[PDB]
$ cat coords-v2.txt   # compact mmCIF, C-alpha atoms and all ligand atoms
# COMPACT_ATOMS: atom_id res chain seq x y z
CA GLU I 30 0.00 0.00 0.00
CA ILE I 31 1.49 3.33 -1.15
CA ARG I 32 1.54 6.21 1.27
CA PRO I 33 2.96 9.25 -0.49
CA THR I 34 4.79 12.01 1.35
CA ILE I 35 2.78 14.47 -0.80
CA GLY I 36 -0.61 13.86 -2.46
CA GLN I 37 -3.76 12.16 -1.26
CA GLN I 38 -3.55 8.88 0.69
CA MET I 39 -5.44 5.71 -0.27
CA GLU I 40 -9.09 5.76 0.69
CA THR I 41 -12.02 3.42 0.36
CA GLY I 42 -12.87 3.33 -3.35
CA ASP I 43 -9.26 3.28 -4.59
CA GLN I 44 -7.96 0.38 -6.73
CA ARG I 45 -4.25 -0.45 -6.72
CA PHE I 46 -2.98 -1.57 -10.14
CA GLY I 47 0.75 -2.14 -10.45
CA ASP I 48 2.45 0.96 -9.06
CA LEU I 49 -0.62 3.14 -9.77
CA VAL I 50 -3.94 3.88 -8.07
CA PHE I 51 -7.27 4.38 -9.91
CA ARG I 52 -10.44 5.78 -8.47
CA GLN I 53 -13.81 5.96 -10.18
CA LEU I 54 -15.26 9.45 -9.93
CA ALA I 55 -18.31 8.95 -12.17
CA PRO I 56 -19.86 6.16 -14.25
CA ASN I 57 -17.56 7.23 -17.09
CA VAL I 58 -14.69 9.03 -15.32
CA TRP I 59 -11.74 7.68 -13.37
CA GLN I 60 -8.73 9.39 -11.72
CA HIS I 61 -5.29 7.95 -12.41
CA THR I 62 -2.62 8.47 -9.76
CA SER I 63 1.11 7.81 -10.19
CA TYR I 64 3.94 8.29 -7.70
CA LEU I 65 7.44 9.66 -8.15
CA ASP I 66 9.82 8.74 -5.35
CA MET I 67 12.09 11.61 -4.47
CA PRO I 68 15.43 10.67 -2.88
CA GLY I 69 15.41 11.47 0.83
CA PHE I 70 11.80 12.72 0.60
CA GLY I 71 9.49 9.85 -0.42
CA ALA I 72 6.69 9.61 -2.99
CA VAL I 73 4.80 12.46 -4.63
CA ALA I 74 1.38 11.54 -6.04
CA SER I 75 0.12 13.13 -9.26
CA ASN I 76 -3.44 12.81 -10.67
CA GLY I 77 -4.99 12.86 -14.12
CA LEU I 78 -8.21 11.59 -15.68
CA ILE I 79 -9.58 8.85 -17.89
CA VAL I 80 -12.92 9.45 -19.56
CA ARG I 81 -15.10 6.97 -21.42
CA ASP I 82 -16.95 8.51 -24.38
CA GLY I 83 -19.05 5.76 -26.03
CA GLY I 84 -16.72 3.23 -27.66
CA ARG I 85 -13.51 5.19 -27.04
CA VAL I 86 -11.48 6.55 -24.09
CA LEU I 87 -9.86 10.00 -23.61
CA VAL I 88 -6.96 10.71 -21.24
CA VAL I 89 -6.00 13.91 -19.45
CA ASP I 90 -2.31 14.07 -18.35
CA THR I 91 0.38 11.44 -18.42
CA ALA I 92 1.87 9.88 -15.31
CA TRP I 93 5.37 10.98 -14.14
CA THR I 94 7.11 8.41 -16.37
CA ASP I 95 6.84 6.46 -19.57
CA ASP I 96 6.57 3.14 -17.73
CA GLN I 97 3.83 4.46 -15.39
CA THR I 98 1.97 5.84 -18.37
CA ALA I 99 2.09 2.39 -20.06
CA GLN I 100 0.59 0.98 -16.85
CA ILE I 101 -2.29 3.46 -17.24
CA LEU I 102 -2.85 2.11 -20.78
CA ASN I 103 -2.68 -1.42 -19.38
CA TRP I 104 -5.35 -0.60 -16.79
CA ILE I 105 -7.60 0.85 -19.48
CA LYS I 106 -7.14 -2.26 -21.57
CA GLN I 107 -7.93 -4.54 -18.57
CA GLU I 108 -10.81 -2.58 -17.06
CA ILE I 109 -12.46 -0.86 -20.02
CA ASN I 110 -11.12 -2.68 -23.09
CA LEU I 111 -11.74 0.24 -25.47
CA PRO I 112 -9.28 2.26 -27.52
CA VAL I 113 -7.67 5.49 -26.37
CA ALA I 114 -8.59 8.14 -28.93
CA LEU I 115 -6.47 11.05 -27.69
CA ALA I 116 -4.79 12.51 -24.65
CA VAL I 117 -4.59 16.13 -23.59
CA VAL I 118 -1.75 17.19 -21.29
CA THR I 119 -2.11 20.25 -19.12
CA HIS I 120 1.34 21.83 -19.15
CA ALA I 121 5.02 21.16 -19.84
CA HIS I 122 6.23 19.71 -16.49
CA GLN I 123 7.09 16.08 -15.68
CA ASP I 124 4.09 15.26 -13.55
CA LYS I 125 1.78 16.10 -16.53
CA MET I 126 3.92 15.29 -19.57
CA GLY I 127 6.57 12.86 -18.35
CA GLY I 128 5.01 9.88 -20.12
CA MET I 129 4.53 11.26 -23.66
CA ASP I 130 6.61 8.54 -25.32
CA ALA I 131 4.36 5.83 -23.98
CA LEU I 132 1.27 7.47 -25.51
CA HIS I 133 3.06 7.89 -28.78
CA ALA I 134 4.35 4.29 -28.87
CA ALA I 135 0.71 3.20 -28.42
CA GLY I 136 -0.34 5.33 -31.41
CA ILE I 137 -2.40 7.75 -29.33
CA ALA I 138 -2.91 11.26 -30.71
CA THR I 139 -1.60 13.82 -28.21
CA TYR I 140 -2.67 17.49 -27.69
CA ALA I 141 -1.26 20.29 -25.61
CA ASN I 142 -1.36 24.09 -25.51
CA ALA I 143 0.86 25.33 -28.36
CA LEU I 144 2.88 27.07 -25.64
CA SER I 145 3.39 23.78 -23.76
CA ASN I 146 4.69 22.25 -27.00
CA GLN I 147 7.05 25.21 -27.43
CA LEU I 148 8.26 24.93 -23.84
CA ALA I 149 8.55 21.13 -23.75
CA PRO I 150 12.11 20.88 -25.14
CA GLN I 151 13.34 23.45 -22.63
CA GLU I 152 11.71 21.48 -19.79
CA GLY I 153 13.20 18.14 -20.80
CA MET I 154 9.81 17.01 -22.19
CA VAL I 155 8.63 15.62 -25.54
CA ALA I 156 6.00 17.87 -27.24
CA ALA I 157 2.52 16.63 -28.00
CA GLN I 158 1.85 15.95 -31.68
CA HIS I 159 -0.95 18.57 -31.92
CA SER I 160 -1.21 22.11 -30.66
CA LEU I 161 -4.27 23.65 -29.07
CA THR I 162 -4.68 27.42 -29.36
CA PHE I 163 -6.99 29.68 -27.36
CA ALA I 164 -9.21 32.75 -27.76
CA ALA I 165 -8.65 36.02 -25.86
CA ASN I 166 -11.13 34.83 -23.22
CA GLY I 167 -9.39 31.49 -22.78
CA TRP I 168 -11.70 29.09 -24.62
CA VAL I 169 -9.91 26.59 -26.91
CA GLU I 170 -10.30 27.24 -30.66
CA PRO I 171 -12.57 24.32 -31.64
CA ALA I 172 -10.82 23.50 -34.95
CA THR I 173 -7.66 22.78 -32.92
CA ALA I 174 -9.54 20.36 -30.68
CA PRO I 175 -11.27 18.05 -33.16
CA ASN I 176 -13.57 15.28 -31.90
CA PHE I 177 -12.78 16.00 -28.25
CA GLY I 178 -16.18 14.68 -27.14
CA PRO I 179 -16.89 15.76 -23.57
CA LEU I 180 -13.46 17.39 -22.98
CA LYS I 181 -13.85 21.16 -22.89
CA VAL I 182 -10.44 22.74 -22.67
CA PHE I 183 -10.08 26.20 -21.16
CA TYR I 184 -6.90 28.25 -20.79
CA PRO I 185 -7.42 30.31 -17.57
CA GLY I 186 -4.39 32.61 -17.88
CA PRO I 187 -0.89 32.32 -16.37
CA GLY I 188 -0.77 30.94 -12.86
CA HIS I 189 1.11 27.82 -11.83
CA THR I 190 2.85 28.24 -15.20
CA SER I 191 2.19 30.48 -18.22
CA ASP I 192 1.02 27.44 -20.20
CA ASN I 193 -1.31 25.73 -17.74
CA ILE I 194 -4.65 24.59 -19.10
CA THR I 195 -7.75 23.08 -17.57
CA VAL I 196 -10.47 20.72 -18.72
CA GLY I 197 -14.16 20.51 -17.94
CA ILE I 198 -15.87 17.19 -18.46
CA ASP I 199 -19.13 17.99 -20.23
CA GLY I 200 -22.04 15.75 -19.23
CA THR I 201 -20.70 15.50 -15.67
CA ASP I 202 -20.21 17.91 -12.75
CA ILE I 203 -16.46 17.44 -12.91
CA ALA I 204 -13.78 19.94 -13.86
CA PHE I 205 -10.03 19.37 -13.76
CA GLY I 206 -7.70 22.14 -12.65
CA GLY I 207 -4.39 20.24 -12.84
CA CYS I 208 -1.54 21.87 -10.90
CA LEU I 209 -3.18 25.34 -11.00
CA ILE I 210 -5.67 24.38 -8.30
CA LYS I 211 -4.78 23.22 -4.80
CA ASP I 212 -7.31 21.74 -2.36
CA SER I 213 -9.44 23.74 0.09
CA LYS I 214 -7.16 22.93 3.06
CA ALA I 215 -3.83 23.52 1.29
CA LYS I 216 -1.17 25.55 3.06
CA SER I 217 0.80 26.30 -0.09
CA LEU I 218 0.35 26.78 -3.82
CA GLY I 219 3.09 24.17 -4.37
CA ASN I 220 6.00 24.88 -6.70
CA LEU I 221 6.02 28.59 -7.64
CA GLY I 222 9.34 28.42 -9.50
CA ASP I 223 7.64 28.84 -12.92
CA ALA I 224 4.57 30.70 -11.64
CA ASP I 225 3.05 34.05 -12.59
CA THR I 226 2.43 35.47 -9.15
CA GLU I 227 0.73 38.60 -10.43
CA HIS I 228 -1.96 36.88 -12.50
CA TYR I 229 -2.40 33.58 -10.57
CA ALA I 230 -5.39 34.74 -8.53
CA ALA I 231 -7.31 35.99 -11.61
CA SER I 232 -6.51 32.77 -13.51
CA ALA I 233 -7.74 30.54 -10.70
CA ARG I 234 -10.96 32.54 -10.59
CA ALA I 235 -11.25 32.44 -14.38
CA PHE I 236 -11.14 28.62 -14.21
CA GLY I 237 -14.04 28.76 -11.73
CA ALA I 238 -16.05 31.06 -13.98
CA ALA I 239 -15.34 28.92 -17.03
CA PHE I 240 -17.05 25.95 -15.39
CA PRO I 241 -19.45 27.59 -12.96
CA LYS I 242 -21.56 24.48 -12.32
CA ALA I 243 -18.72 21.98 -11.77
CA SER I 244 -19.14 20.75 -8.16
CA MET I 245 -16.30 18.21 -8.18
CA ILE I 246 -12.93 19.80 -8.76
CA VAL I 247 -10.14 17.41 -9.61
CA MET I 248 -6.52 18.46 -9.25
CA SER I 249 -2.95 17.11 -9.53
CA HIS I 250 -1.96 16.50 -5.91
CA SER I 251 -5.05 16.08 -3.71
CA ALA I 252 -8.33 14.13 -3.70
CA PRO I 253 -11.24 15.60 -5.65
CA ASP I 254 -12.68 18.52 -3.68
CA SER I 255 -15.52 21.02 -3.72
CA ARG I 256 -15.45 24.49 -5.31
CA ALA I 257 -13.68 25.60 -2.14
CA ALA I 258 -10.50 24.33 -3.78
CA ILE I 259 -10.94 27.08 -6.38
CA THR I 260 -11.85 29.87 -3.94
CA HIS I 261 -9.13 28.89 -1.47
CA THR I 262 -6.55 28.68 -4.27
CA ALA I 263 -7.55 32.17 -5.35
CA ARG I 264 -7.28 33.51 -1.74
CA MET I 265 -3.77 32.06 -1.34
CA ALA I 266 -2.82 33.59 -4.70
CA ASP I 267 -4.19 37.02 -3.63
CA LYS I 268 -1.39 37.08 -1.03
CA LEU I 269 1.26 36.63 -3.73
CA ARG I 270 0.62 39.99 -5.42
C1 LIG N 1 5.21 20.78 -6.08
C2 LIG N 1 4.81 20.04 -7.36
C3 LIG N 1 3.97 18.83 -6.96
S1 LIG N 1 6.22 19.46 -8.25
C4 LIG N 1 5.35 19.39 -9.82
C5 LIG N 1 6.15 20.00 -11.00
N1 LIG N 1 7.50 19.42 -10.94
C6 LIG N 1 7.85 18.40 -11.73
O1 LIG N 1 7.08 17.82 -12.49
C7 LIG N 1 9.31 18.00 -11.67
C8 LIG N 1 9.59 17.02 -10.56
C9 LIG N 1 10.39 15.92 -10.83
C10 LIG N 1 10.64 14.99 -9.82
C11 LIG N 1 10.05 15.14 -8.56
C12 LIG N 1 9.24 16.25 -8.30
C13 LIG N 1 9.01 17.18 -9.31
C14 LIG N 1 6.25 21.51 -10.96
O2 LIG N 1 7.37 22.03 -10.91
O3 LIG N 1 5.23 22.24 -10.98
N2 LIG N 1 4.11 20.14 -9.61
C15 LIG N 1 4.12 20.94 -8.39
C16 LIG N 1 2.79 21.53 -8.03
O4 LIG N 1 1.78 21.04 -8.57
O5 LIG N 1 2.71 22.51 -7.22
ZN ZN N 2 3.94 22.30 -13.07
ZN ZN N 3 2.07 19.39 -9.98
ZN ZN N 4 10.82 25.37 -15.84

$ encode --input "coords-v2.txt" --output "C-alpha cells" --more "lines below"
Ligand SMILES: CC1(C)S[C@H]([C@H](NC(=O)Cc2ccccc2)C(=O)O)N[C@H]1C(=O)O
Ligand SMILES: [Zn+2]
Ligand SMILES: [Zn+2]
Ligand SMILES: [Zn+2]
Amino acid sequence: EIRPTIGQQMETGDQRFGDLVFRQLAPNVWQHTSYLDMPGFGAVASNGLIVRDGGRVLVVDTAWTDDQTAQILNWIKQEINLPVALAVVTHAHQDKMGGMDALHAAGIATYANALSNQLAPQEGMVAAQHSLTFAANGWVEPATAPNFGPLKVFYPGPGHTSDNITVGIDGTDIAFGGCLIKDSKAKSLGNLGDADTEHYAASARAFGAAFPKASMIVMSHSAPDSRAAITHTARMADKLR
C-alpha cells in the first residue's frame, strides 16, 4: 500500500494496479494516480483523468514516467477494453507530460497548448503531436480540438505556469484544474518556480467562472474537492501579489 509524502492517501474506493492507483469518480470518469519517489523525501502523487466517451477513451495528463503511463494504458485495456482516442496534457512539467513517449508508442494522438509544445524541449519534455490554441477569453479554438467529445479545454491565464490549461468534463459535474488548483485545506500553492504570481489569482478565478456548475474539482496533488478548492486557491494567490 502506497503512502505518499505528498498527495492524497489511499481511501475506500481506490484500486491499486501495479504501481498506480485508480479511483472511479463517475460512471464514465476515473482518476489515475502515479507516484514519483524523491530521494530522501518519499513519494509524490500526481493525478490525471480517464474518460469513457461511447466506444472510445480519452486521457488527461500522463503519469510521471513512460513506464507508469504504459501501466495506465494497461489498466484501461484490462478494465475498459476500449481504444484510447487522444490525450490532452495540461502543461510542460514532468508530472503532466513525463510519459509522452508511452502514448506515442501506443499510437495515441496527443494534444497540448501550443505554448506547452514550445516549452517542452526546454523542460526536458517531448512535445505533443498537436497544438491547441486559445481565444482572448481562454476558450480553446474548436478547430484545434477536433472530436474532443466531452473534454472542454479552457486556458485560464498564467498561474502555476504560463502554459497551464484546464479541462471541464461535459455531461458531468467534474472539472479538472491540474496543478493550477490546490485543495481547500492547502497551506501552499506548491512549486512557484515557474509561476506568474501577479496573475495567478485571476486565472484561478477564471477557471471557476469557465465551469461555474462543476461541483467536483479534480486536481494534480489532492483528492477531488468542492469548489472551495478554487476559492481557497484564489485567496492564497491574492497574497502573492
Ligand atoms: C510541487 C509540485 C507537486 S512538483 C510538480 C512539478 N515538478 C515536476 O514535475 C518535476 C519534478 C520531478 C521529480 C520530482 C518532483 C518534481 C512543478 O514544478 O510544478 N508540480 C508541483 C505543483 O503542482 O505545485
Ligand atoms: Zn507544473
Ligand atoms: Zn504538480
Ligand atoms: Zn521550468

$ atom_distance --input "coords-v2.txt" --atom1 "atom CA of residue I:141" --atom2 "atom CA of residue I:118"
5.3 Å

$ closest_residue --input "coords-v2.txt" --among "I:82, I:90, I:199, I:108" --to "residue I:51" --atoms "only C-alpha atoms"
I:108

$ residues_around --input "coords-v2.txt" --residues "residue I:270" --least-positions-apart "5" --cutoff "9 Å" --atoms "all atoms listed in the file" --output "list in words"
residues 226, 227, 228, 229 and 230 of chain I

$ residues_around --input "coords-v2.txt" --residues "residue I:251" --least-positions-apart "4" --cutoff "7 Å" --atoms "only C-alpha atoms" --output "short mmCIF file (atom, residue, chain, number, x, y, z; two decimals) with C-alpha atoms, in the frame of the given file"
data_model
loop_
_atom_site.label_atom_id
_atom_site.label_comp_id
_atom_site.auth_asym_id
_atom_site.auth_seq_id
_atom_site.Cartn_x
_atom_site.Cartn_y
_atom_site.Cartn_z
CA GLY I 36 -0.61 13.86 -2.46
CA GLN I 37 -3.76 12.16 -1.26
CA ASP I 212 -7.31 21.74 -2.36
#

$ closest_residue --input "coords-v2.txt" --among "I:151, I:60, I:217, I:201" --to "ligand ZN 4 (chain N)" --atoms "all atoms listed in the file"
I:151

$ closest_residue --input "coords-v2.txt" --among "I:219, I:77, I:136, I:253" --to "residue I:190" --atoms "only C-alpha atoms"
I:219

$ axis_aligned_box --input "coords-v2.txt" --around "stretch 184-191 of chain I" --padding-each-side "8 Å" --output "lines of an AutoDock Vina configuration file"
center_x = -2.3
center_y = 30.2
center_z = -16.3
size_x = 26.3
size_y = 20.8
size_z = 25.0

$ residues_around --input "coords-v2.txt" --residues "residue I:188" --least-positions-apart "6" --cutoff "12 Å" --atoms "all atoms listed in the file" --output "number ranges by chain"
I: 120, 194-195, 206-211, 218-236, 262-263, 265-267, 269-270

$ closest_residue --input "coords-v2.txt" --among "I:131, I:215, I:182, I:238" --to "ligand LIG 1 (chain N)" --atoms "only C-alpha atoms and all ligand atoms"
I:215

$ closest_residue --input "coords-v2.txt" --among "I:176, I:147, I:166, I:76" --to "residue I:252" --atoms "only C-alpha atoms"
I:76

$ residues_around --input "coords-v2.txt" --residues "residue I:91" --least-positions-apart "5" --cutoff "6 Å" --atoms "all atoms listed in the file" --output "NGL selection string"
:I and (98 or 125-126 or 128)

$ closest_residue --input "coords-v2.txt" --among "I:139, I:41, I:191, I:75" --to "ligand LIG 1 (chain N)" --atoms "only C-alpha atoms and all ligand atoms"
I:75

$ decode --input "coords-v2.txt" --residues "stretch 156-167 of chain I" --atoms "N, CA and C atoms" --output "PDB file, in the first residue's frame"
ATOM      1  N   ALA I 156       7.248  17.151 -26.892  1.00  0.00           N
ATOM      2  CA  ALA I 156       6.002  17.868 -27.241  1.00  0.00           C
ATOM      3  C   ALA I 156       4.872  16.917 -27.616  1.00  0.00           C
ATOM      4  N   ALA I 157       3.638  17.342 -27.389  1.00  0.00           N
ATOM      5  CA  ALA I 157       2.523  16.634 -28.003  1.00  0.00           C
ATOM      6  C   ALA I 157       2.631  16.766 -29.514  1.00  0.00           C
ATOM      7  N   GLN I 158       1.924  15.894 -30.223  1.00  0.00           N
ATOM      8  CA  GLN I 158       1.854  15.946 -31.682  1.00  0.00           C
ATOM      9  C   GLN I 158       0.921  17.015 -32.274  1.00  0.00           C
ATOM     10  N   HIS I 159       0.029  17.570 -31.446  1.00  0.00           N
ATOM     11  CA  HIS I 159      -0.947  18.566 -31.924  1.00  0.00           C
ATOM     12  C   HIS I 159      -0.994  19.712 -30.964  1.00  0.00           C
ATOM     13  N   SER I 160      -1.182  20.918 -31.490  1.00  0.00           N
ATOM     14  CA  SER I 160      -1.211  22.111 -30.659  1.00  0.00           C
ATOM     15  C   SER I 160      -2.623  22.658 -30.574  1.00  0.00           C
ATOM     16  N   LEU I 161      -3.064  22.909 -29.352  1.00  0.00           N
ATOM     17  CA  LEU I 161      -4.266  23.652 -29.070  1.00  0.00           C
ATOM     18  C   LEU I 161      -3.928  25.152 -29.039  1.00  0.00           C
ATOM     19  N   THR I 162      -4.829  25.983 -29.552  1.00  0.00           N
ATOM     20  CA  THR I 162      -4.683  27.424 -29.363  1.00  0.00           C
ATOM     21  C   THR I 162      -5.964  27.941 -28.753  1.00  0.00           C
ATOM     22  N   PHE I 163      -5.914  29.164 -28.212  1.00  0.00           N
ATOM     23  CA  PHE I 163      -6.988  29.681 -27.358  1.00  0.00           C
ATOM     24  C   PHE I 163      -7.381  31.107 -27.759  1.00  0.00           C
ATOM     25  N   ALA I 164      -8.665  31.401 -27.606  1.00  0.00           N
ATOM     26  CA  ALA I 164      -9.212  32.748 -27.755  1.00  0.00           C
ATOM     27  C   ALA I 164      -8.731  33.688 -26.660  1.00  0.00           C
ATOM     28  N   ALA I 165      -9.012  34.975 -26.837  1.00  0.00           N
ATOM     29  CA  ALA I 165      -8.654  36.024 -25.858  1.00  0.00           C
ATOM     30  C   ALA I 165      -9.365  35.855 -24.517  1.00  0.00           C
ATOM     31  N   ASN I 166     -10.493  35.147 -24.501  1.00  0.00           N
ATOM     32  CA  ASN I 166     -11.130  34.828 -23.223  1.00  0.00           C
ATOM     33  C   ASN I 166     -10.813  33.440 -22.681  1.00  0.00           C
ATOM     34  N   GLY I 167      -9.861  32.755 -23.306  1.00  0.00           N
ATOM     35  CA  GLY I 167      -9.389  31.488 -22.783  1.00  0.00           C
ATOM     36  C   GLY I 167      -9.998  30.228 -23.371  1.00  0.00           C
TER      37      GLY I 167
END
